[PDB]
Every structure is written in structure tokens, then in C-alpha cells.
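Asker: Mind having a look at this structure? Questions to follow.
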Amino acid sequence: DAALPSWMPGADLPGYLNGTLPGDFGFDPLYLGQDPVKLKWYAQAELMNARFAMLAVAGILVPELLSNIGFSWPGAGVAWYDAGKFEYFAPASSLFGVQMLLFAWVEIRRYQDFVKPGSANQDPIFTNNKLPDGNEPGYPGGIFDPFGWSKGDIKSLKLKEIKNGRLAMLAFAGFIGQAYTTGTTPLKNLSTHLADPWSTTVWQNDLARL
Amino acid sequence: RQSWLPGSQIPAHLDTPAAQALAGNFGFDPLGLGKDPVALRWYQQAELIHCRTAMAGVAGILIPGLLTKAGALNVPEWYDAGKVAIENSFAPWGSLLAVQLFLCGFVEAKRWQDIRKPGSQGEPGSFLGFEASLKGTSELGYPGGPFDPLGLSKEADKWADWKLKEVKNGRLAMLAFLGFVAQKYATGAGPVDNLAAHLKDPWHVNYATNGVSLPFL
Amino acid sequence: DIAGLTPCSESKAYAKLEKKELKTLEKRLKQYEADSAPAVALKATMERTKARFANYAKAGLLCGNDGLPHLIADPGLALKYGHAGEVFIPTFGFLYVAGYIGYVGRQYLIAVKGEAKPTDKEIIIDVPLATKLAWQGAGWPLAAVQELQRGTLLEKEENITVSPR
Amino acid sequence: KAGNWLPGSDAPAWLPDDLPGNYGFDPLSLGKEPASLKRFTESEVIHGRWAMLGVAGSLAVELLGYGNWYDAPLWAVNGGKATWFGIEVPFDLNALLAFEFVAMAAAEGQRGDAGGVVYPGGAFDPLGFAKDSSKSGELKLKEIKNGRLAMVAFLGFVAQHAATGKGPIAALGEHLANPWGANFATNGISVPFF
Ligand code: CLA
Ligand code: CLA
Ligand code: CLA
Ligand SMILES: CC1=C[C@H](O)CC(C)(C)[C@H]1/C=C/C(C)=C/C=C/C(C)=C/C=C/C=C(C)/C=C/C=C(C)/C=C/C1=C(C)C[C@H](O)CC1(C)C
Ligand SMILES: CC1=C(/C=C/C(C)=C/C=C/C(C)=C/C=C\C=C(C)\C=C\C=C(C)\C=C\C2=C(C)C[C@@H](O)CC2(C)C)C(C)(C)CCC1
Ligand SMILES: CCCCCCCCCCCCO[C@@H]1O[C@H](CO)[C@@H](O[C@H]2O[C@H](CO)[C@@H](O)[C@H](O)[C@H]2O)[C@H](O)[C@H]1O
């Protein structure tokens, strides 16, 4: 509600969005972050869902692109939605069991910081090890920023993080929809479009499926 | 003031500050059942227990049903699950119900006595040292203590929102159970089938075409 | 089953009564032309008779040696043997309607009593108020218990007139 | 304070600093009332002492090839006789039940009438050990920690058997044989689906 960037040039934006969070373009048509305590939780949520979505999309597209090329390895042409039934060294169940244990420790360590900032910046075992005092929930830094990037224009870097994440979160949503609708991998869906974009729009595809 | 019917006259007994302190107060009491404050307090407790039981039961009918529809589960339909479970149980239904009434009656009596006099179950020396925790909070129907293991009720800036979600989700689950009973008698199928069938042809598959709900049309 | 009675569905007297009833209606249906309005009416009564004898038997009513349905009024026998729609359920249906009328009328008398001329509101009915109470009477049972528990339902003896004794 | 069970959390004030095993863990506020905390303190030590003997004898029998803790009473349920270290014990369940009841009621009655004495002495503390408070404190911390560990161990034994139906040593062998194939997530009980 000032002169900060807007999702719709000329609109009256919500005052609660004041440009303190990265990517504050005043977009809250349903007035969800109007309450400050909800907005505080939603900021971390958006950052967490974005950071996993960014890793996911990378780990979904890179292997497919390598598969198209001559790159050889166990996965090869394994479709992301078919990776679960793939046979690995250990039973899925076992792996999941380990994953939930390992994550219980890290999530509750991250959650402790969020509820009390700077309360989990110390190594439980090697007490001497720790994270620099200056810390905000969602931005642990220290050994999580091993190259010092945070030191430079941190605000621009945080905006690049939120922007790339929102696109990744939308990409994953695409992968889910396009996979269930076109029943094929994303880079295959892109090849179909690049071959004949005009005749390969969701409109025509869904019309044919009707 | 939110109203169940914009423009209608809200009962004065629901506009009183104490009544407005109650979660889900949309000024709805057309029959005037809660005009008496003492009755309004009993009915608020009754609504909370119905809400929390309906939410647990409906979750135990829909969630398993969707998982079975997918395949992750093979649970029988809610209206056939008693027979299936008792078929291979360690006890007949009558013995299982007798044990249920004993254990439920005991905890229901303690909750009852807490309504008659809040904090009474903390009577020192009444429960091998647990009575101290058996005392609820300043709000009847919200015991907390051991019943709030994660201490979410300790955040005063989120208390009201949490109670509104519990009452609204509870009122919805109460209506979803009535719907499960009515739809079972009018269709002869389960709630997940009823949903799929309607979604296939909503304009020809509904309660107006069930041959029961509207015997006049 | 109970009292030595027999299901109307298996009673021979029940069957003979239905035939006897339909034969009277048929002896009369003859003197009339097939489409004649008299004929149509006798046919609809015959259909209604057939449905009654069938509906009563399906309801599991018991029949005495007279071949007529007998009603079981013991709550214990009715519930254990499937005869609760005969007297038990009807009892709670009537009690709800009768209490409805009583509680609404009591609420009306109490409301008009605080007016200028209660007697006038008894000869000329305050329709709007009467309609309001009529709709609010659905929850009378809970209201009656809440009044019984507040001690507001009854009147103090000290305020009620009596003869010298 | 022996430590913080949850780093970054503040200890409940009602928990005394000297209280042995005080890791500031009372999230449900059960020990908030002093009387309640007193009873729970004694009960916790008693539970730990019993469990530390139960775990020991539950592992010993199996390690000595005398069977597992779960199958130890089946002799009574069947027509089998009672054995101990292989040596046969001539007693029916009824005899054992009556003997234990009287023995337990007697000793437990003396302990109960005493008044919550968690740390007696003399007969219960021969070989000195708890004569000096300085040693007593650490020795009381070691007892509670070993007792709590043994209580979690026993529950693990009961849970593992309820899911696999095998003895505690037999499981340790299965897991060591195939850790990624033999674990709680690979039993079809602990983790649903899969
Ligand atoms: C940045 C996200 C993103 C991107 C780049 C794409 C890209 C593509 N999608 Mg798509 N999709 C997305 C998200 C996305 N999708 C989401 C969130 C959904 C809903 C779950 C879908 C559901 C979907 C279906 C059902 C289909 C596609 C299809 C396609 C392909 C061409 C046909 C088409 O345009 O359909 C239309 C796609 C949309 C209308 C989604 C809008 C695009 C999102 C909202 C980005 C917003 C626009 C913004 C300016 C960014 C542009 C991208 C940027 C890199 C320039 C194409 C390569 C078709 C296909 O598979 O081809 C074979 C197809 O049938 N998508
Ligand atoms: C108001 C007058 C009245 C009268 C004269 C009766 C008479 C009778 N009742 Mg009864 N009953 C009544 C009111 C009455 N009832 C009411 C208001 C209720 C609602 C709770 C019931 C509920 C009831 C049940 C559940 C049962 C009976 C049964 C019976 C028969 C045997 C009961 C008995 O032993 O002594 C007479 C009973 C009373 C004077 C008062 C109530 C009945 C008691 C409480 C039931 C005890 C029955 C007992 C198990 C004996 C039968 C053993 C076995 C055959 C079940 C008997 C002819 C039993 C029967 O025959 O079922 C097949 C049966 O089990 N009644
Ligand atoms: C508000 C109306 C009302 C109510 C609540 C009652 C209530 C009662 N009456 Mg009663 N009575 C009424 C009207 C009413 N009466 C009228 C209009 C008459 C004149 C006929 C009588 C004549 C009467 C007699 C002779 C006796 C009772 C008796 C009784 C008591 C025993 C139960 C009973 O109902 O017996 C049965 C009562 C009746 C069969 C009378 C039927 C009256 C109709 C059905 C009520 C309609 C009232 C009015 C038209 C509704 C106005 C609604 C408003 C919105 C406009 C009971 C407390 C008995 C008693 O004293 O027991 C202790 C008793 O012997 N009443
Ligand atoms: C407020 C008002 C006021 C004004 O004045 C008037 C009026 C209007 C009257 C009023 C209204 C009212 C209403 C609406 C009510 C409703 C209610 C309900 C529906 C409830 C439910 C309620 C419901 C509930 C509880 C539920 C419960 C359930 C459960 C437990 C479950 C169970 C189960 C399951 C799991 C499964 C299996 O297999 C089976 C079973 C066994 C079955
Ligand atoms: C609330 C209400 C009213 C009622 C007011 C008052 C005070 C009514 C008084 C009720 C009193 C004092 C009743 C006293 C005793 C009643 C008793 C002992 C009950 C007897 C019933 C029995 C034995 C049951 C018999 C059976 C049952 C189970 C049902 C059927 O199966 C039939 C049968 C006989 C087998 C107002 C104002 C008239 C207005 C209106 C609504
Ligand atoms: C009808 C069959 C089923 C019911 C069986 C009932 C069995 C008998 C009653 C249950 C056992 C009672 O258990 C009882 O617990 C209390 C708890 O303080 C013990 O009480 C003990 O400690 C307290 C102080 O802490 C003392 O005041 C008490 O004098 C002392 O004995 C009793 O010693 C014990 O006997």
C-alpha cells in the first residue's frame, strides 16, 4: 500500500503487506495474511515449500534431460512418478522409516529457532561449534551459508530466492497436472509442444479427451 | 456481529457479552433453547462433546473410505464394519459394550462433576496425585493440561481462532454424519460411492432423483 | 406368537375375512357397466382392501382366533418381538404433540397475563404472538426440563388460594 | 539440572534443581503440585529399579538359552513343570501366586507404611556407597538414568515382540543380519501401508 512493486499496477494493495517480506507485491486477494500471527507462519511456510519445490523440480528435470542425452546410470529413463516402485538397495518402508527419524531431529531443531530465534544455533555434541548470533527464522546462515553470500546484497538474494521458489512451486504443480492429464513425462510434454505448439495447447488436448 | 441470517433479529441472550465470548456465536437460536444462561452453559458443553465425537467418527468413516477407494486400505463400509470386526474378535459385542460403558461412565462422571463445580476433580488426594492435572482451565469444556500435550492452548494470540475452527469443523462433521445416515437409507451405498456417482452425472444423480427425499415431485 | 396369538400372515381367519370383504364388493361391482363411475369406485375400494390386508400382515401384526390384528402394549414384549410401532412409538409421538399444545398454550397465557387486559387477549387471540409461540414449541421438552430444574414451572403454595379446611 | 531434554526450552520452576535426573522435562505440568511431584519421584525410582531387574533377567534367560521373557510362564499354562537355570522348581502356579502375594504384601507394606522413603540404607545399603552426599548425588543420577533407560528398554521388548513375536536377543540378531531389511519400518505393524 505504498510505492513498492505491485502484482496489478494501479490497485490499492493491503496495508499489512509493507515490503518487509521478500517478494511483497501486495498479492493477497483472499486477505489470508491480514492477521500478523498467520502471516508470520505463512512466510516460513512459503519459504519451506519453495525450497523443497526448487530441489524437487531440479531433481525431476535434470535426470530426464540426462536421460534424453546419452548419459547412462541405473535411473536412466525412470519417470519421476515411477521412481517409488523402483527397486533400491533397501525396502522403501525401511528408507521412509529412516527419513522420518532423521527429519524429526532437523525439523524440531528448525522449529525451536522459529518459536525462539537463536535458541538452536549451537551444536548439541560439539558445543564449541555454533551459528553467528545475527539470525532470522528461515535464514540459519553460518555453516548453511558456507561461502558468505548472505554478506552481499541480502535483500536482492532473498527476492531471487522467493521468485525462483514460486516458479518452482508452480512448476511442480504443472508436473502433477500434466502427468495426470497427458500421462507422460514433462520433457516429453515439452517436446510435443515444441514440435507443434499451435496444435498442442491444453484446450485442444482436454477437448480431445472429452 | 456475524449473523446466520443477515437482517434477522439476533436473540438478546446471544448478544450478551458472555454469550459473545462463546465460539461459533452467529446469533442462531430460533427456538430460544438457550435463553436461560444455565441451560446455555450446559448446551455449550453438549455442543462441544457432539462436535469432538462427530469429527472423530466422521474422520473414521471418510478417511478410511477414501483410502479403501484408492487401494491403500480394504476397510468395510461404516454400516457393515461392526459385523466384520466382531466376526473375528476376542469378545462378543455385549461384553465389549459392557466394558465400554464402565470405562466411559467413569471419565464421563468426572467430566460431569467438573461441569457441576469446575475444578472439583483436583480434589487433593482423590486420584493418586493426578487430580492436580484433572483440574481443567478457566474455560469449561477446554480441559487442556494432559489433554493439550503440545500446549497450543498456551498461545493467547491464537486461542480464539483455534476454538472457532474446532466449533465450525465440529458442526460440519455433525451434519456430515447425519448426511451419511440419510444417504445410506436413500441410496443403499456408501458416502464415497454417493460422491463418485453424483460427480459422474450431477444433473441426474441427486436427492431429487433418489425416489425418497421428494415423494411429491 | 405372544398370548397364543398367531401372525395375521399365517392366520386362516385373516385370509377368509379378506376374501369375505372382497366378495361383497364384487357382488356389487357386477350390476354396473365396466367403465361406469360406480364400477371405478368399487374397484378402487377393492384395491385399497387388498393393500390393507397385505400392509397389515407385512407389519408383522399378530391375529387372534377372530382373524383380527391384536396390539401388544407391553414395552418389553413389543421391543423383543418387533411390535413397537403398535403402541410404544405411537405413545412418544402423541406425548410430543400433546405436550407441544400444552407448553405453547401455557406460554401464551403467561405472555398475555402481563398485559393490560389478559381477558381480552383470551377472547381476541393475539395472532402474531400465538404464531411465534406455535413455532417455538418444537423444543418444548428441553424447555420443560429446564423450567423444572430452575423451579420456575410450579407455583409456591403460599401464592395459591384454597378453602378453609 | 542434569541437562535440558529440549535445548532452547526453559525448565519448569516447580522442578527442584537438586531433584536427581532433573532435565526439566514436565511438558504436561504433572509434577507442578509438590505433593504429586513427591509421589511421582518415589514411583519413578521404584519403576526404574524393577525394570532394571526385569531387563537384566529378560536378557539373561535368552542369553543362557533358557528361553525368552514371553515364553517363561507357558509351563504353567500347559502341563509343563517349573525350571530355573535348568534346575526344576517343584511348585504349581497357585503355590507361586500365594507365596508371592504374601511376600510382596509384607515387604511392600513395610515400604508403604514407612512414608515414601526412596533411599533407605543399612540393609538396603551395605557396602557403604551412599554414606557421603557428594558421591550420593552422582550415584542417585546414575540410578535414575540407568532405570529410565531400562524402562524404555522393557517397553521396547514388549513392543518388538508384539510386532515380530521374537525374543529381544533374537531381534538384535535379525537386525544385525539385515539392518535395512530387519527394522520397525519393515514389520508391517509399526509403519502402516508399504
Ligand atoms: C511455470 C509453470 C508452467 C509451465 C512453464 C508450463 C508449461 C507447459 N504446460 Mg503447464 N501447467 C502448469 C504450469 C506450467 N506449465 C500448472 C500449474 C498446471 C495446473 C496443474 C498446468 C497444467 C497443464 C496441462 C493440463 C497442460 C499443460 C501443458 C503445458 C505445455 C504446453 C501446453 C500449455 O501451454 O498448456 C497450458 C498451461 C497452462 C495454462 C498453465 C499456465 C502456465 C503457468 C500458470 C505459468 C504462468 C504464466 C507466466 C507468464 C509464466 C510463463 C512461463 C515462463 C517460463 C515464461 C507447456 C510446456 C499442456 C501439455 O502438457 O502439453 C503437452 C497441457 O495439456 N500444463
Ligand atoms: C406399567 C405396567 C407394566 C406391567 C403390568 C408389566 C408387565 C410385564 N412386563 Mg413390563 N414394562 C413396563 C411396564 C409394565 N410391565 C414399562 C413402563 C416398561 C418400560 C421400561 C417395561 C419394560 C419391560 C421389559 C424390558 C420387560 C418387561 C417384561 C414384562 C413381563 C414380565 C416382567 C416381570 O417379570 O414383571 C413385570 C414387570 C413390571 C411390573 C415392570 C417393568 C418390567 C420389568 C422392569 C422387566 C423385567 C423383566 C424380567 C426380565 C422378567 C422376564 C424374564 C425374561 C422372560 C426376560 C410382564 C408381563 C419382560 C418381558 O416379558 O419381556 C419379554 C421384559 O423383559 N417389561
Ligand atoms: C394452555 C391450555 C391448557 C393446559 C396447558 C392445561 C393443562 C392441564 N389441564 Mg386443562 N383445560 C383447558 C386447558 C389447558 N389445560 C381448557 C381450555 C379446559 C376447558 C375444557 C380445561 C379443562 C380441564 C379439566 C376439566 C381438567 C384439566 C386438567 C389439566 C391438568 C391435567 C392434564 C390434562 O391436560 O388433563 C386434560 C385436559 C383437557 C382434556 C382439556 C383440553 C384443553 C385443550 C386441549 C387445550 C387447548 C388450550 C387452548 C385452546 C390453546 C391456546 C393456544 C394459544 C396459542 C392461543 C393439566 C396441568 C385436569 C386436571 O386438573 O388434572 C390435575 C382436569 O381434570 N383441564
Ligand atoms: C442449534 C439449534 C437452535 C435452534 O433453536 C433449533 C434448532 C435448529 C433445532 C438447533 C439445531 C440443532 C441441530 C442442527 C442439531 C444437529 C445435530 C447433529 C447432526 C448431531 C450429530 C452428531 C453425530 C455424532 C456425535 C456422530 C458420532 C459418530 C461416531 C461416534 C462414529 C461411529 C462409527 C465409525 C467411526 C465407523 C464404524 O464403522 C461404525 C460407527 C460405530 C458408526
Ligand atoms: C411439560 C408439559 C406439562 C406437564 C406438566 C406436569 C407437572 C406433568 C406431571 C407429571 C407427573 C407428576 C407424573 C407423575 C407420575 C407419572 C408416572 C409414575 C408415569 C407413569 C407411566 C408409565 C407407568 C408408563 C406406561 C407405558 C409406557 C412405557 C408408554 C406406553 O407403552 C404405554 C404404557 C402404559 C405401557 C403441561 C404443563 C401439562 C403442558 C404440556 C407439557
Ligand atoms: C475386589 C477385588 C478387586 C479389588 C482388589 C483391591 C486390592 C486391595 C486394594 C488395592 C491395593 C491397595 O494398595 C495400597 O496402596 C496404598 C498407596 O499409598 C498403600 O499405602 C501405603 O503408602 C501410603 C503412603 O504412601 C500409606 O499411607 C499407607 O499406609 C501405606 O500402606 C497401601 O499399602 C497399598 O495396599
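Nothing in this text is a laboratory measurement; each read-out follows from the coordinates by a stated rule. Positions of Cβ are generated from backbone atoms using ideal geometry, with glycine treated the same way; all protein chains shown enter the neighbour counts.
Asker: Among the residues in region D:92-100, are any assigned to a helix (DSSP H, G or I) and either in contact with a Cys (Cβ under 6 Å, 6 or more places away or on another chain) or within 14 Å of another protein chain (Cβ to nearest Cβ) (or both)?
Answerer: Within region D:92-100, none of the residues are assigned to a helix (DSSP H, G or I) and either in contact with a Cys (Cβ under 6 Å, 6 or more places away or on another chain) or within 14 Å of another protein chain (Cβ to nearest Cβ) (or both).
Asker: Follow-up question, since we're still on this one. Within region A:133-147, is even one residue more than 30 Å from A:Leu39 (Cβ to Cβ) and exposed (fewer than 14 other Cβ atoms within 10 Å of the Cβ)?
Answerer: Yes; the residues of region A:133-147 include at least one that is more than 30 Å from A:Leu39 (Cβ to Cβ) and exposed (fewer than 14 other Cβ atoms within 10 Å of the Cβ).
Asker: Moving on. Does C:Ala143 satisfy the criteria of being small (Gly, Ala, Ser), more than 16 Å from ligand 6 (Cβ to nearest atom) and closer than 30 Å to C:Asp1 by Cα?
Answerer: no
Asker: Going through region B:10-48 one residue at a time, which ones are in contact (Cβ under 8 Å) with a residue 24 or more places away in the chain and within 13 Å of ligand 4 (Cβ to nearest atom)?
Answerer: Across region B:10-48, the qualifying residues are B:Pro11, B:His13, B:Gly24, B:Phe26, B:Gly27, B:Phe28, B:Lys35, B:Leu40, B:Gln44, B:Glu47, B:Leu48.
Asker: Would you check if B:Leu73 is in a loop (DSSP other than H, G, I, E, B) and either of a type in the set (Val, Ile, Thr) or within 14 Å of chain D (Cβ to nearest Cβ) (or both)?
Answerer: The answer is yes for B:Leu73.
Asker: Got a sec? Which of D:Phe193, D:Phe154, D:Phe184, D:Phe124 is touching a residue at least 40 places away in the same chain (Cβ under 8 Å) and either farther than 27 Å from D:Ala35 by Cβ or over 17 Å from the mean Cα position of the chain (by Cα) (or both)?
Answerer: Every option except D:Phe154 fails the conditions.
Asker: Taking the residues in region C:118-134 that are surrounded by 12 or more Cβ atoms within 10 Å (Cβ to Cβ) and not aliphatic (A, V, I, L, M) as candidates, determine which candidate is nearest to the other protein chains (Cβ to nearest Cβ).
Answerer: C:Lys132
Asker: Looking only at region D:161-187, count how many residues are surrounded by 14 or more Cβ atoms within 10 Å (Cβ to Cβ), in a loop (DSSP other than H, G, I, E, B) and within 14 Å of another protein chain (Cβ to nearest Cβ).
Answerer: 4
Asker: Right, here's the next one. Taking the criterion of being within 13 Å of chain D (Cβ to nearest Cβ) and of a type in the set (A, V, I, L, M), would at least one residue in region A:43-61 satisfy it?
Answerer: No, region A:43-61 contains no residue that is within 13 Å of chain D (Cβ to nearest Cβ) and of a type in the set (A, V, I, L, M).
Asker: Further question: Which residues, taken from region B:203-217, are assigned to a loop (DSSP other than H, G, I, E, B) and hydrophobic (A, V, I, L, M, F, W, C)?
Answerer: The answer is B:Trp203, B:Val205, B:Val212, B:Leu214, B:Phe216, B:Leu217.
Asker: So which residues in region D:25-41 are more than 7 Å from chain B (Cβ to nearest Cβ), of a type in the set (A, V, I, L, M) and not in a helix (DSSP H, G or I), if there are any at all?
Answerer: Of everything in region D:25-41, nothing turns out to be more than 7 Å from chain B (Cβ to nearest Cβ), of a type in the set (A, V, I, L, M) and not in a helix (DSSP H, G or I).
Residue by residue, here is whether (1) of a type outside the set (A, V, I, L, M, F, W, C); (2) over 19 Å from A:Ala53 (Cβ atoms); (3) out of contact with any helix residue (DSSP H, G or I) (no Cβ under 9 Å at 6 or more places or on another chain) holds:
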| residue | (1), (2), (3) |
| --- | --- |
| A:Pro117 | yes, yes, yes |
| A:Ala168 | no, no, no |
| A:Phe175 | no, no, no |
| A:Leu190 | no, no, yes |
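Asker: Kindly list, by first and then second residue, each pair from a residue in region C:85-96 that is among the basic types (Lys, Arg) to a residue that is surrounded by 13 or more Cβ atoms within 10 Å (Cβ to Cβ), limited to pairs with Cβ atoms under 6 Å and residues at least 6 apart or on different chains.
Answerer: Between residues of region C:85-96 that are among the basic types (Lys, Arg) and residues that are surrounded by 13 or more Cβ atoms within 10 Å (Cβ to Cβ), there is no close pair.
Asker: Hey, another quick one. Please specify each residue of region B:54-66 satisfying the condition of being surrounded by fewer than 16 Cβ atoms within 10 Å (Cβ to Cβ) and without any contact (Cβ under 8 Å) to a residue 40 or more places away in the chain.
Answerer: Listed by number, the residues that qualify are B:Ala56, B:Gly60, B:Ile63.
Asker: Which residues, counting only those in region C:103-117, are surrounded by 13 or more Cβ atoms within 10 Å (Cβ to Cβ) and either within 16 Å of ligand 4 (Cβ to nearest atom) or away from chain B (no Cβ under 14 Å) (or both)?
Answerer: Once the filter is applied, which keeps residues that are surrounded by 13 or more Cβ atoms within 10 Å (Cβ to Cβ) and either within 16 Å of ligand 4 (Cβ to nearest atom) or away from chain B (no Cβ under 14 Å) (or both), region C:103-117 yields C:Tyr103, C:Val104, C:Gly105, C:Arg106, C:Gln107, C:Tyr108, C:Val112.
Asker: Taking region B:34-53 as the search range and keeping residues that are among the aliphatic types (A, V, I, L, M) and farther than 14 Å from B:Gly24 by Cβ, which one is surrounded by the fewest Cβ atoms within 10 Å (Cβ to Cβ)?
Answerer: B:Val38
Asker: For region A:72-103, give me each residue that is in a helix (DSSP H, G or I) and more than 13 Å from chain D (Cβ to nearest Cβ).
Answerer: Correct list: A:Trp80, A:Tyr81, A:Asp82, A:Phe103.
Asker: Tell me whether region D:62-75 contains one or more residues that are touching a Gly at 6+ places or on another chain (Cβ under 6 Å), in a helix (DSSP H, G or I) and surrounded by 12 or more Cβ atoms within 10 Å (Cβ to Cβ).
Answerer: Yes, the conditions are met somewhere in region D:62-75.
Asker: Which number in (1) closer than 30 Å to B:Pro191 by Cα; (2) within 12 Å of ligand 4 (Cβ to nearest atom); (3) touching a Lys or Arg at 6+ places or on another chain (Cβ under 9 Å) marks the one condition that B:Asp80 misses?
Answerer: (3)
A quick yes/no check of all residues on (1) away from ligand 2 (no atom under 16 Å from the Cβ); (2) of a type in the set (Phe, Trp, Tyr); (3) surrounded by 15 or more Cβ atoms within 10 Å (Cβ to Cβ); (4) in a helix (DSSP H, G or I):
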{"position": "D:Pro126", "(1), (2), (3), (4)": "yes, no, no, no"}
{"position": "D:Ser136", "(1), (2), (3), (4)": "yes, no, yes, yes"}
{"position": "D:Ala159", "(1), (2), (3), (4)": "yes, no, no, yes"}
{"position": "D:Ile189", "(1), (2), (3), (4)": "yes, no, no, no"}
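Asker: Cβ-Cβ distance below 8 Å, separation of 6 or more or different chains: which pairs start in region C:128-147 with a residue that is without any contact (Cβ under 8 Å) to a residue 24 or more places away in the chain and end on one that is within 16 Å of ligand 6 (Cβ to nearest atom)?
Answerer: Pairs that qualify, where the first residue is without any contact (Cβ under 8 Å) to a residue 24 or more places away in the chain and the partner is within 16 Å of ligand 6 (Cβ to nearest atom): there are none.
Asker: I need a count of the residues in region C:1-40 that are assigned to a loop (DSSP other than H, G, I, E, B) and touching a residue at least 24 places away in the same chain (Cβ under 8 Å).
Answerer: 3
Asker: Let me ask you something else. Exactly one of (1) within 16 Å of ligand 2 (Cβ to nearest atom); (2) acidic (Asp, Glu); (3) within 14 Å of another protein chain (Cβ to nearest Cβ) is unmet by C:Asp74. Its number?
Answerer: Failing condition for C:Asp74: (3).
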